[PDB]
Structure formats: structure tokens, C-alpha cells
Visitor: 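I have a structure here, written as C-alpha cells, and I will follow up with some questions on it.
For the single chain, residues carry numbers from 1 onward in sequence order. Just follow the structure's listing: the first ligand is 1, and inside any ligand the first atom is 1. Because only heavy atoms are used, hydrogens play no part in the values below, and waters and symmetry mates are left out as well, while side chains stay in.
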Amino acid sequence: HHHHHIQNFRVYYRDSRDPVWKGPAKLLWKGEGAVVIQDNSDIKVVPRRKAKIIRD
Ligand code: NI
């Protein structure tokens, strides 16, 4: 199966204990306190404070 990303979004994000922004990733889901991103083959849950959601 394939998780189609939400169109017109890109996301940069940080993992725990690492200040360097990773990305660009696709946005798969927007929740109240977190987002789901897809970075190549990795689908990850990122707290909103660690996500840079860029309208594209
Ligand atoms: Ni899946």
C-alpha cells in the first residue's frame, strides 16, 4: 500500500536530542499535538514543537 501525502506541504523536523533539521519530508497526518511525516522510507511521529510545517 502507499500513504499518499497531504498535498502542498513539506516538513522539516528534528529527532530527539539532535538540533539539526532533517528533511524535506512529506506530511501524512496533522494532529493536535503531533504530525506524521514520511522521509524516504521512514514514517515518523514528530511533536509539533519539533516540526517546521512549510506550505508549498
Ligand atoms: Ni503503512
Visitor: When you check the space around the Ni ion (ligand 1), which protein N, O or S atoms turn up under 2.8 Å?
Guide: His1 NE2, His3 NE2
Visitor: Checking side-chain polar atoms at under 3.5 Å, does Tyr13 have a donor or acceptor matched by the opposite partner on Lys52?
Guide: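 No, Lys52 and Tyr13 have no side-chain donor paired with an acceptor closer than 3.5 Å.
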Visitor: Which distance, rounded to the nearest 0.5 Å, do you find between the NZ of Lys26 and the CG of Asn40?
Guide: 8.5 Å
Visitor: Does atom CZ of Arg14 have more than 12 heavy-atom neighbours, drawn from other residues, nucleotides or ligands, at distances under 6.0 Å?
Guide: yes
Visitor: Any side-chain heavy-atom pair from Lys30 and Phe9 closer than 4.5 angstrom?
Guide: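 With C-beta onward as the side chain, the pair touches.
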Visitor: Kindly write out the residues that satisfy side-chain hydrogen bond (donor to acceptor under 3.5 Å, both in side chains) with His2, not counting sequence neighbours, or none if the list is empty.
Guide: none
Visitor: Side chains of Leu28 and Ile37, heavy atoms from C-beta outward: is any pair under 4.5 Å?
Guide: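 Not touching, per the 4.5 Å side-chain cut-off.
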